[PDB]
């Protein structure tokens, strides 16, 4: 069984369609995979629970996340990690906040 994967895959596609107004980069870009431990080894010593979109999708396929509540918390952690690690107003920080506002609206509709 695919569990909640079909619904979360739809959410992820909607997130990927949120593009920056100036350069059109998808706001999901920097969140698709974890930072490279080779490039940013210290990220893994300051961020207690790393999270990325690939992990959320794999967790939905393998049954680790069976509820939208679990996905909500995984996204919350992902965005909190980005707001902690990156400078306020940087492209990564703004992408986190804009995506978080979008996902909050989506969860509201799926909890209505």
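Between two forms, the rigid core is defined as the largest C-alpha subset superposing within 1.5 Å. Residue numbers count along the first chain shown, from 1.
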Line up the rigid core: which moves more in 4 other deposited structures of this protein, 74-82 or 31-39, by C-alpha RMS? 31-39
23-31 set against 42-50, stretch whose average Cα temperature factor tops the other in the entry: 42-50
Comparing 5-13 with 85-93, which has the greater mean CA B-factor as deposited? 5-13
Sorting the chain's modelled residues by C-alpha B-factor, tell me whether residue 68 ends up in the lowest, middle or highest third. highest
Lowest, middle or highest third: where is residue 59 by Cα B-factor in its chain? middle
